[PDB]
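Q: What follows is a structure written as structure tokens; I'll ask about it next.
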Amino acid sequence: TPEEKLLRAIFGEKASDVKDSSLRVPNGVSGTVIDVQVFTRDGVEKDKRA
Amino acid sequence: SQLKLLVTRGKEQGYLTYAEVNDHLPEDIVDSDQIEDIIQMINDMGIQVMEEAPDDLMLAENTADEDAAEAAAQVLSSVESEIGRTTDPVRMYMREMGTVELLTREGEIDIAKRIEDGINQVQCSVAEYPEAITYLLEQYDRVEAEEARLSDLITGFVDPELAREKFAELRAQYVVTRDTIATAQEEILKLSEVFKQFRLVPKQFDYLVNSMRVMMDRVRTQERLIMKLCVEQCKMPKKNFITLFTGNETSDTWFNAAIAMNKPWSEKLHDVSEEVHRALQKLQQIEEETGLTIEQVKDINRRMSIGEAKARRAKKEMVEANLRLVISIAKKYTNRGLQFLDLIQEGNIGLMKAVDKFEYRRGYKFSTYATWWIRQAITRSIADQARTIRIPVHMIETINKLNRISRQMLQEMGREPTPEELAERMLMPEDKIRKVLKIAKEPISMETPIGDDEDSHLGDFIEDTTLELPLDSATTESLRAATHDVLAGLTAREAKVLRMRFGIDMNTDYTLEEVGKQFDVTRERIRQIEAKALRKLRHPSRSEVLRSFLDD
Amino acid sequence: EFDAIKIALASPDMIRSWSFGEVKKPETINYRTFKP
Amino acid sequence: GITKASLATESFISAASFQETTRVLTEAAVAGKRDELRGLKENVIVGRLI
Amino acid sequence: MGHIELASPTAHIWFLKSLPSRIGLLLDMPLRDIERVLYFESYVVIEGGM
Amino acid sequence: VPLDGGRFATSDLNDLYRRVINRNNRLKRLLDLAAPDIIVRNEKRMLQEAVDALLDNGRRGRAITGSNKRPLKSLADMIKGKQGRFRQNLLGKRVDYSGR
Amino acid sequence: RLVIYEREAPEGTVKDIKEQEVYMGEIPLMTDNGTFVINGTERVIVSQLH
């Protein structure tokens with residue numbers, strides 16, 4: 001927007017090219033993670049947790 | 001009429017069952033759609049004809065109660081007096097193709113000869129159009145000069161240099177026919193004879209004949225300008241119009257001698273005299289362009305109309321039996337993406353094309369040459385207008401191939417074929433196979449019922465992802481206020497420079513040069529002012545709320 | 001704002017005045033790049 | 001009756017909300033009716049004050 | 001909105017199959033007669049004249 | 001609207017509108033070729049059916065059905081019916097600033 | 001097993017004798033406790049009183 005440019009210039013920020021859509025626990029739920037399972041496609045490379 | 005008493009019994013019962021609405025129907029109704037229509041008529045005025053007899057649950061009292069009742073009753077009382085389905089567009093087409101006897105056994109060749117002898121009277125009429133011949137001569141001298149490919153004039157003829165020298169001989173005969181303005185009597189005719197041994201490009205011939213029609217229509221437009229402006233506007237007698245104007249049509253002894261005839265119709269033509277005066281000049285000049293008395297070209301084009309009408313009238317009967325054939329073939333392309341009637345209409349268009357492109361000089365079974373065109377047209381249309389998102393034909397072919405190979409592998413491997421293995425079979429990269437797999441699937445219907453007691457649909461659970469969260473709008477307004485405040489707390493020059501540079505509270509922003517020339521300064525000083533302003537705003541104290549808007 | 005609702009038949013000229021352009025082809029989207 | 005008295009309303013926006021919509025719409029259209037919101041159902045559908 | 005130029009006229013179904021038959025009432029013609037004329041199974045004279 | 005996984009979802013009207021354009025276009029094409037009047041009459045009847053299904057599907061002629069085998073909805077069913085815009089006040093209009 | 005019953009007599013003598021163990025699909029099996037696993041979720045097929 002025409003103003004956000006001024007603030008960006010002032011503080012010299014760096015707008016990110018990527019926006020986060022991460023799995024976060026539902027509100028009002030508290031508990032202990034007891035199991036994590038990871039399924040990978042046939043082409044993708046398994047990460048260091050799988 | 002037991003139908004009336006059926007309606008009364010339904011009123012007295014408060015409902016009708018399917019057995020009741022079957023027992024009291026006319027015993028001569030065979031078509032079901034008439035039964036559907038009459039039950040719909042009954043339901044429109046009441047009472048709903050449910051399929052079973054079904055105490056203490058109140059039913060819809062009399063919702064379908066209105067004057068519409070009696071009128072509806074009349075409709076029912078009129079249904080018995082006559083009969084007819086007319087409720088399935090397929091059935092009417094079937095009946096109409098039944099009417100035309102499917103019996104043209106070697107009469108097809110007779111009608112083909114009729115067409116050949118009907119599309120040649122138009123050729124004869126074209127022959128006496130030296131303007132088209134002049135165009136052909138010009139295009140001969142044009143293509144041989146390599147302004148266009150030589151074959152642009154012929155789709156084959158009845159050798160390059162032989163054709164060029166034959167056209168040169170035509171040029172010689174035409175110059176002798178043209179500079180011999182009672183000596184052009186025989187020459188032109190003879191030149192027409194040798195000219196009748198040619199075969200034009202479809203586009204060339206069609207354009208030339210349409211230009212012939214355009215010229216004759218200009219002549220006929222002048223004929224209107226002389227006719228209705230006088231006969232229908234000035235009340236010039238129809239007999240008088242047939243007498244004087246018709247026969248000369250070019251001289252001044254039929255209009256300028258029409259006002260001077262000293263008749264009640266004559267001396268009233270002064271008011272509309274100007275337009276006829278000008279039409280005489282126009283037609284006299286056009287006769288120079290065409291070099292033919294108006295009546296002659298009128299008659300030749302009338303004969304052309306006769307010939308083309310004869311051709312079309314026989315193509316009708318040619319097309320009908322092959323339409324029966326089209327039904328027969330198209331019966332086996334159902335359930336792909338198109339209703340039956342669209343399939344048969346595409347087939348009929350293809351058949352029209354085939355008949356327009358058939359010759360009776362090859363000893364072919366017409367149930368062979370045409371059926372190919374029919375199937376090709378049907379499959380083309382099915383591939384082009386069967387799905388919401390239009391995937392090109394080659395992708396359709398690849399999808400079909402993939403499905404065939406997948407079925408084969410499943411029957412062979414004994415399980416599902418992995419896309420890696422399927423790409424192993426078909427020499428295609430894995431990514432292409434995955435893409436084509438994704439592409440094919442057709443869209444869902446947003447009115448697909450979901451299993452909820454509220455009886456919702458899949459379209460009611462699709463959130464909108466383009467909206468601006470009402471908190472973002474408030475944040476933007478707060479930012480607009482805060483930037484206004486912070487600008488206020490600066491030197492006037494710095495605030496004005498910043499507003500122009502970044503476009504705050506303004507229309508299109510302006511460049512350094514533009515803002516510099518704005519008040520009065522070079523660009524460098526404007527840059528210095530902007531730098532000073534940004535240095536101040538970067539300084540703390542004045543940089544608390546904005547940094548909060550950052551929230552970093 | 002407004003103060004009544006009126007309903008009547010729509011003339012061809014009225015319908016042409018509502019519209020912003022004629023819809024000729026039957027094709028919706030481009031199946032590879034989903035622009036209209 | 002209470003079921004043949006409600007089918008006499010003079011605001012097709014009201015009458016079209018609980019009766020057969022097609023019939024009410026056609027009858028209103030051919031007759032060129034004007035609906036001047038003076039009921040409670042009408043001003044509810046339109047979003048005004050009852 | 002958009003508009004489609006129909007090649008040939010077409011009968012607005014609401015004003016035909018409503019069963020007062022608005023077109024029928026206006027023309028003084030039974031519904032079945034206009035049905036025959038529309039579905040191309042007859043001819044209707046618009047000007048007998050002489 | 002594009003659903004997840006590359007799969008699309010659409011309302012029935014799209015279908016019907018397509019059904020009314022193809023035929024319409026085809027009709028024009030026939031009139032350009034001066035086709036025999038039997039097929040043009042059949043085409044005109046088809047176009048009439050398409051329009052009558054678009055305005056109100058299933059009113060008279062055995063409503064055309066979609067791939068789902070269900071009878072696809074038309075402009076006269078988005079207004080009418082217990083599930084139309086009208087009668088939405090039967091049970092409708094979720095509301096913000098609320099809880100239970 | 002496919003047999004073409006060669007077309008002379010008796011009603012075609014048999015000469016072709018094919019014999020292939022073809023695959024006709026999958027039949028879901030019943031867990032030890034009368035429950036089926038259809039898509040990773042246990043299901044129960046209720047009896048019907050017709």
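Letters A, B, ... mark the chains of the structure tokens in the order given; residue numbers begin at 1 per chain; ligand numbers begin at 1, in order shown.
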Please find the residues of chain C near chain E - the criterion being any atom within 10 Å, counting only C-alpha atoms - and write them as a count of residues only.

A: 11

Q: Extract, using only C-alpha atoms, all DNA, RNA and protein residues at most 9 Å from residue 13 of chain E, discarding same-chain residues fewer than 5 positions from it, and format them as an MDAnalysis selection string.

A: (chainID E and resid 18) or (chainID F and resid 51:53 55:56 59)

Q: Env of segment 13-24 of chain A: 12 Å cut, atoms = only C-alpha atoms, seq-sep filter 4 positions within chain, self excluded. Answer as a VMD selection string.

A: (chain A and resid 4 to 9 28 to 30) or (chain B and resid 547 550 to 552)

Q: Using the selection just defined, write its residues with C-alpha atoms as an mmCIF file, in the first residue's frame.

A:
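The resulting selection39.cif:
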data_model
loop_
_atom_site.group_PDB
_atom_site.id
_atom_site.type_symbol
_atom_site.label_atom_id
_atom_site.label_comp_id
_atom_site.auth_asym_id
_atom_site.auth_seq_id
_atom_site.Cartn_x
_atom_site.Cartn_y
_atom_site.Cartn_z
ATOM 1 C CA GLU A 4 3.714 0.613 3.899
ATOM 2 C CA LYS A 5 6.465 1.638 1.489
ATOM 3 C CA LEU A 6 7.405 4.524 3.790
ATOM 4 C CA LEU A 7 7.608 2.262 6.838
ATOM 5 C CA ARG A 8 9.623 -0.315 4.891
ATOM 6 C CA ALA A 9 12.080 2.362 3.762
ATOM 7 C CA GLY A 28 -8.100 -24.971 24.170
ATOM 8 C CA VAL A 29 -6.290 -28.311 23.788
ATOM 9 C CA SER A 30 -3.268 -29.218 25.920
ATOM 10 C CA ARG B 547 7.939 0.185 14.798
ATOM 11 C CA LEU B 550 6.074 -3.540 12.256
ATOM 12 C CA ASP B 551 5.699 -5.826 15.293
ATOM 13 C CA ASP B 552 9.062 -7.359 14.366
#

Q: At a cut-off of 8 Å, using only C-alpha atoms, what residues contact segment 265-280 of chain B? Leave out same-chain residues fewer than 3 positions from it and give the result as a PyMOL selection string.

A: chain B and resi 222+225-226+229-230+234-237+249-252+255-256+258-262+283-284

Q: For the selection just defined, write its residues with N, CA and C atoms to a file, as an mmCIF file, in the first residue's frame.

A:
data_model
loop_
_atom_site.group_PDB
_atom_site.id
_atom_site.type_symbol
_atom_site.label_atom_id
_atom_site.label_comp_id
_atom_site.auth_asym_id
_atom_site.auth_seq_id
_atom_site.Cartn_x
_atom_site.Cartn_y
_atom_site.Cartn_z
ATOM 1 N N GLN B 222 -29.928 -0.107 -58.038
ATOM 2 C CA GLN B 222 -30.354 0.998 -58.893
ATOM 3 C C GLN B 222 -31.767 0.770 -59.423
ATOM 4 N N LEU B 225 -33.932 1.868 -56.741
ATOM 5 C CA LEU B 225 -33.886 3.322 -56.660
ATOM 6 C C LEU B 225 -34.758 3.964 -57.729
ATOM 7 N N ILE B 226 -34.932 3.287 -58.860
ATOM 8 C CA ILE B 226 -35.823 3.788 -59.900
ATOM 9 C C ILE B 226 -37.261 3.309 -59.691
ATOM 10 N N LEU B 229 -38.884 4.561 -55.628
ATOM 11 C CA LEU B 229 -38.926 6.018 -55.606
ATOM 12 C C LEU B 229 -39.972 6.560 -56.567
ATOM 13 N N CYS B 230 -40.364 5.768 -57.564
ATOM 14 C CA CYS B 230 -41.375 6.173 -58.531
ATOM 15 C C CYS B 230 -42.643 5.343 -58.426
ATOM 16 N N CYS B 234 -43.684 7.655 -55.804
ATOM 17 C CA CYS B 234 -44.347 8.648 -56.639
ATOM 18 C C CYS B 234 -45.595 8.107 -57.325
ATOM 19 N N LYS B 235 -45.965 6.854 -57.069
ATOM 20 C CA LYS B 235 -47.149 6.247 -57.675
ATOM 21 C C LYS B 235 -47.008 6.131 -59.189
ATOM 22 N N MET B 236 -45.778 5.993 -59.669
ATOM 23 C CA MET B 236 -45.570 5.726 -61.081
ATOM 24 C C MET B 236 -46.251 4.407 -61.443
ATOM 25 N N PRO B 237 -47.079 4.373 -62.488
ATOM 26 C CA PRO B 237 -47.855 3.154 -62.755
ATOM 27 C C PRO B 237 -46.941 1.955 -62.957
ATOM 28 N N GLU B 249 -33.729 1.097 -69.962
ATOM 29 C CA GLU B 249 -33.130 1.055 -68.631
ATOM 30 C C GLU B 249 -31.823 1.839 -68.537
ATOM 31 N N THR B 250 -31.354 2.402 -69.651
ATOM 32 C CA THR B 250 -30.073 3.104 -69.659
ATOM 33 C C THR B 250 -30.203 4.492 -70.271
ATOM 34 N N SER B 251 -31.128 4.650 -71.213
ATOM 35 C CA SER B 251 -31.286 5.919 -71.903
ATOM 36 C C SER B 251 -32.094 6.897 -71.052
ATOM 37 N N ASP B 252 -32.274 8.102 -71.594
ATOM 38 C CA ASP B 252 -33.088 9.137 -70.974
ATOM 39 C C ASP B 252 -34.470 9.235 -71.612
ATOM 40 N N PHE B 255 -37.225 7.738 -68.369
ATOM 41 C CA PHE B 255 -37.522 8.555 -67.196
ATOM 42 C C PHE B 255 -37.621 10.034 -67.528
ATOM 43 N N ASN B 256 -36.576 10.618 -68.118
ATOM 44 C CA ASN B 256 -36.667 12.009 -68.542
ATOM 45 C C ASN B 256 -37.732 12.195 -69.612
ATOM 46 N N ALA B 258 -40.433 10.256 -69.139
ATOM 47 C CA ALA B 258 -41.562 9.846 -68.314
ATOM 48 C C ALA B 258 -42.236 11.019 -67.630
ATOM 49 N N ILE B 259 -41.463 12.019 -67.203
ATOM 50 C CA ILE B 259 -42.054 13.241 -66.670
ATOM 51 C C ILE B 259 -42.722 14.031 -67.785
ATOM 52 N N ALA B 260 -42.198 13.931 -69.007
ATOM 53 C CA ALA B 260 -42.665 14.734 -70.130
ATOM 54 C C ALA B 260 -43.832 14.105 -70.881
ATOM 55 N N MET B 261 -44.322 12.941 -70.456
ATOM 56 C CA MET B 261 -45.443 12.302 -71.138
ATOM 57 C C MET B 261 -46.756 13.053 -70.954
ATOM 58 N N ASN B 262 -46.811 14.024 -70.048
ATOM 59 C CA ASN B 262 -48.001 14.845 -69.840
ATOM 60 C C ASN B 262 -49.193 13.980 -69.428
ATOM 61 N N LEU B 283 -26.205 3.874 -63.440
ATOM 62 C CA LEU B 283 -26.406 2.659 -64.223
ATOM 63 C C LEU B 283 -25.697 2.743 -65.568
ATOM 64 N N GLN B 284 -25.706 3.919 -66.198
ATOM 65 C CA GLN B 284 -24.990 4.077 -67.458
ATOM 66 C C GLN B 284 -23.501 3.825 -67.269
#

Q: Rounded to one decimal in Å, what is the spacing between atom CA of residue 444 of chain B and atom CA of residue 26 of chain C?

A: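 So the two atoms, atom CA of residue 444 of chain B and atom CA of residue 26 of chain C, lie 18.3 Å apart.
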
Q: Would you mind listing, as a VMD selection string, all residues of chain B that have at least one atom within 9 Å of chain G, where only C-alpha atoms are what counts?

A: chain B and resid 410 to 412 414 to 415

Q: Grab the residues selected above and save them as a PDB file, in the first residue's frame with C-alpha atoms.

A:
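So part_33.pdb came out as:
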ATOM      1  CA  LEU B 410      -3.862 -54.452 -13.724  1.00  0.00           C
ATOM      2  CA  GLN B 411      -5.046 -57.619 -15.441  1.00  0.00           C
ATOM      3  CA  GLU B 412      -1.383 -58.635 -15.822  1.00  0.00           C
ATOM      4  CA  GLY B 414      -2.455 -58.459 -10.431  1.00  0.00           C
ATOM      5  CA  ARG B 415      -2.533 -55.072  -8.684  1.00  0.00           C
TER       6      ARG B 415
END

Q: As JSON, numbers by chain, please: the residues near residue 11 of chain E (cut-off 10 Å, only C-alpha atoms, same-chain neighbours under 6 positions excluded).

A: {"E": [17, 23, 38], "F": [48, 49, 51, 52]}

Q: Considering only C-alpha atoms, give me a table of residues in chain C that are at most 7 Å from chain B, with the closest atom pair and distance in Å for each, as JSON lines.

A:
{"residue": "C:27", "atom": "CA", "partner": "B:390", "partner_atom": "CA", "distance": 6.7}
{"residue": "C:28", "atom": "CA", "partner": "B:389", "partner_atom": "CA", "distance": 6.1}
{"residue": "C:29", "atom": "CA", "partner": "B:389", "partner_atom": "CA", "distance": 5.8}
{"residue": "C:30", "atom": "CA", "partner": "B:389", "partner_atom": "CA", "distance": 6.7}
{"residue": "C:31", "atom": "CA", "partner": "B:389", "partner_atom": "CA", "distance": 5.9}

Q: Give me a file of those residues, with N, CA, C and O atoms, as a PDB file, in the first residue's frame.

A:
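The result, written out as again_13.pdb:
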ATOM      1  N   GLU C  27     -16.315 -22.020 -23.883  1.00  0.00           N
ATOM      2  CA  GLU C  27     -15.136 -22.495 -23.167  1.00  0.00           C
ATOM      3  C   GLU C  27     -14.898 -21.666 -21.912  1.00  0.00           C
ATOM      4  O   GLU C  27     -14.964 -20.435 -21.947  1.00  0.00           O
ATOM      5  N   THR C  28     -14.609 -22.348 -20.802  1.00  0.00           N
ATOM      6  CA  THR C  28     -14.528 -21.692 -19.503  1.00  0.00           C
ATOM      7  C   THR C  28     -13.108 -21.282 -19.128  1.00  0.00           C
ATOM      8  O   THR C  28     -12.823 -20.085 -19.020  1.00  0.00           O
ATOM      9  N   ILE C  29     -12.203 -22.246 -18.945  1.00  0.00           N
ATOM     10  CA  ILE C  29     -10.833 -21.937 -18.542  1.00  0.00           C
ATOM     11  C   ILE C  29      -9.848 -22.763 -19.358  1.00  0.00           C
ATOM     12  O   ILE C  29     -10.249 -23.635 -20.137  1.00  0.00           O
ATOM     13  N   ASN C  30      -8.551 -22.504 -19.178  1.00  0.00           N
ATOM     14  CA  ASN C  30      -7.526 -22.954 -20.114  1.00  0.00           C
ATOM     15  C   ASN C  30      -6.802 -24.217 -19.657  1.00  0.00           C
ATOM     16  O   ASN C  30      -5.863 -24.654 -20.323  1.00  0.00           O
ATOM     17  N   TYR C  31      -7.170 -24.774 -18.507  1.00  0.00           N
ATOM     18  CA  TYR C  31      -6.811 -26.138 -18.118  1.00  0.00           C
ATOM     19  C   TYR C  31      -5.322 -26.354 -17.866  1.00  0.00           C
ATOM     20  O   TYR C  31      -4.938 -27.406 -17.346  1.00  0.00           O
TER      21      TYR C  31
END

Q: Compile the contact shell of residue 28 of chain G as JSON, numbers by chain: residues with an atom at most 8 Å away, counting only C-alpha atoms, same-chain residues fewer than 3 positions apart removed.

A: {"G": [36, 37, 38]}

Q: Could you list, as a list in words, every residue within 10 Å of residue 43 of chain A, counting only C-alpha atoms and ignoring same-chain residues fewer than 2 positions away?

A: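 The residues satisfying every condition are residues 40, 41, 45 and 46 of chain A; 420 and 430 of chain B.
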
Q: Write to file, as an mmCIF file, in the first residue's frame, the residues of the selection just made, with C-alpha atoms.

A:
data_model
loop_
_atom_site.group_PDB
_atom_site.id
_atom_site.type_symbol
_atom_site.label_atom_id
_atom_site.label_comp_id
_atom_site.auth_asym_id
_atom_site.auth_seq_id
_atom_site.Cartn_x
_atom_site.Cartn_y
_atom_site.Cartn_z
ATOM 1 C CA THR A 40 6.646 -39.536 1.953
ATOM 2 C CA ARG A 41 5.869 -39.684 -1.751
ATOM 3 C CA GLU A 45 13.703 -37.263 -0.594
ATOM 4 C CA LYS A 46 13.189 -38.338 3.009
ATOM 5 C CA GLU B 420 6.600 -45.090 -11.965
ATOM 6 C CA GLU B 430 7.240 -39.526 -14.703
#

Q: Report as JSON, numbers by chain: the residues of chain E with a DSSP assignment of helix (DSSP H, G or I), based on the backbone of this structure.

A: {"E": [13, 14, 15, 22, 23, 24, 25, 26, 27, 31, 32, 33, 34, 35, 36, 37, 38]}

Q: Write out as a Markdown table the residues of chain B that have any atom within 8 Å of an atom of chain F, one row each with the nearest atom pair and its distance in Å to one decimal, counting only C-alpha atoms, sorted by chain and then rising number.

A:
| residue | atom | partner | partner_atom | distance |
| --- | --- | --- | --- | --- |
| B:37 | CA | F:60 | CA | 7.4 |
| B:87 | CA | F:61 | CA | 6.2 |
| B:88 | CA | F:61 | CA | 7.1 |
| B:89 | CA | F:45 | CA | 6.7 |
| B:93 | CA | F:42 | CA | 6.6 |
| B:316 | CA | F:36 | CA | 5.7 |
| B:341 | CA | F:46 | CA | 7.5 |
| B:342 | CA | F:23 | CA | 7.8 |
| B:345 | CA | F:39 | CA | 7.3 |
| B:348 | CA | F:39 | CA | 7.5 |
| B:349 | CA | F:30 | CA | 7.9 |
| B:352 | CA | F:35 | CA | 7.8 |
| B:385 | CA | F:22 | CA | 7.8 |
| B:388 | CA | F:15 | CA | 7.2 |
| B:438 | CA | F:6 | CA | 6.6 |
| B:439 | CA | F:6 | CA | 7.7 |
| B:441 | CA | F:7 | CA | 7.0 |
| B:442 | CA | F:8 | CA | 7.3 |
| B:443 | CA | F:8 | CA | 4.4 |
| B:444 | CA | F:9 | CA | 4.5 |
| B:445 | CA | F:10 | CA | 5.3 |
| B:446 | CA | F:11 | CA | 4.9 |
| B:447 | CA | F:11 | CA | 6.5 |

Q: Please report as a ChimeraX atom specification which residues of chain E come no farther than 12 Å from chain D, using only C-alpha atoms.

A: /E:12-23,25-26

Q: Save the residues we just selected, N, CA and C atoms, as an mmCIF file, in the first residue's frame?

A:
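Everything below was put into selection28.cif:
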data_model
loop_
_atom_site.group_PDB
_atom_site.id
_atom_site.type_symbol
_atom_site.label_atom_id
_atom_site.label_comp_id
_atom_site.auth_asym_id
_atom_site.auth_seq_id
_atom_site.Cartn_x
_atom_site.Cartn_y
_atom_site.Cartn_z
ATOM 1 N N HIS E 12 -40.283 -18.308 -23.761
ATOM 2 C CA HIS E 12 -39.997 -18.278 -22.334
ATOM 3 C C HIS E 12 -40.934 -19.244 -21.624
ATOM 4 N N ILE E 13 -40.380 -20.323 -21.070
ATOM 5 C CA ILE E 13 -41.223 -21.397 -20.562
ATOM 6 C C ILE E 13 -42.174 -20.918 -19.477
ATOM 7 N N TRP E 14 -41.731 -20.032 -18.586
ATOM 8 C CA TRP E 14 -42.597 -19.589 -17.501
ATOM 9 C C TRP E 14 -43.903 -19.005 -18.011
ATOM 10 N N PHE E 15 -43.871 -18.274 -19.122
ATOM 11 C CA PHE E 15 -45.061 -17.642 -19.671
ATOM 12 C C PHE E 15 -45.811 -18.556 -20.631
ATOM 13 N N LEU E 16 -45.395 -19.815 -20.743
ATOM 14 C CA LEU E 16 -46.101 -20.761 -21.597
ATOM 15 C C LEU E 16 -46.681 -21.912 -20.785
ATOM 16 N N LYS E 17 -45.851 -22.568 -19.977
ATOM 17 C CA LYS E 17 -46.281 -23.715 -19.178
ATOM 18 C C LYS E 17 -46.515 -23.315 -17.720
ATOM 19 N N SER E 18 -47.350 -22.299 -17.532
ATOM 20 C CA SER E 18 -47.802 -21.914 -16.202
ATOM 21 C C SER E 18 -49.223 -22.361 -15.909
ATOM 22 N N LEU E 19 -49.954 -22.757 -16.941
ATOM 23 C CA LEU E 19 -51.328 -23.246 -16.945
ATOM 24 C C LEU E 19 -52.350 -22.279 -16.354
ATOM 25 N N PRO E 20 -52.182 -20.979 -16.535
ATOM 26 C CA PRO E 20 -53.240 -20.198 -17.174
ATOM 27 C C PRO E 20 -52.829 -19.941 -18.615
ATOM 28 N N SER E 21 -51.570 -20.267 -18.927
ATOM 29 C CA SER E 21 -51.010 -20.108 -20.264
ATOM 30 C C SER E 21 -51.088 -18.666 -20.744
ATOM 31 N N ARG E 22 -50.345 -17.772 -20.088
ATOM 32 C CA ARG E 22 -50.406 -16.349 -20.416
ATOM 33 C C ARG E 22 -50.493 -16.126 -21.921
ATOM 34 N N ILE E 23 -49.598 -16.755 -22.685
ATOM 35 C CA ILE E 23 -49.666 -16.635 -24.137
ATOM 36 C C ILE E 23 -51.002 -17.160 -24.643
ATOM 37 N N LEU E 25 -53.939 -17.244 -23.067
ATOM 38 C CA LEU E 25 -54.997 -16.287 -22.770
ATOM 39 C C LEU E 25 -54.921 -15.091 -23.706
ATOM 40 N N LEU E 26 -53.713 -14.589 -23.951
ATOM 41 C CA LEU E 26 -53.567 -13.394 -24.771
ATOM 42 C C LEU E 26 -53.979 -13.665 -26.212
#

Q: Can you work out which residues from chain B touch chain D at a cut-off of 9 Å (counting only C-alpha atoms) and hand them back as a PyMOL selection string?

A: chain B and resi 61-65

Q: Write out, as a PDB file, in the first residue's frame, the residues just selected, with C-alpha atoms.

A:
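And here's result11.pdb as it stands now:
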ATOM      1  CA  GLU B  61     -54.451 -28.666   3.028  1.00  0.00           C
ATOM      2  CA  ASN B  62     -55.163 -27.174  -0.415  1.00  0.00           C
ATOM      3  CA  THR B  63     -51.900 -25.508  -1.620  1.00  0.00           C
ATOM      4  CA  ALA B  64     -52.620 -26.072  -5.354  1.00  0.00           C
ATOM      5  CA  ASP B  65     -56.060 -24.446  -4.982  1.00  0.00           C
TER       6      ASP B  65
END

Q: What is the atom CA of residue 4 of chain G to atom CA of residue 16 of chain G distance in Å?

A: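 So the two atoms, atom CA of residue 4 of chain G and atom CA of residue 16 of chain G, lie 5.6 Å apart.
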
Q: Residues of chain A that approach chain B to 6 Å or less, counting only C-alpha atoms: could you list each one with the shortest pair of atoms and its distance in Å to one decimal, rows by chain and increasing residue number, as a Markdown table?

A:
| residue | atom | partner | partner_atom | distance |
| --- | --- | --- | --- | --- |
| A:2 | CA | B:504 | CA | 5.6 |
| A:3 | CA | B:504 | CA | 5.7 |
| A:10 | CA | B:538 | CA | 5.6 |
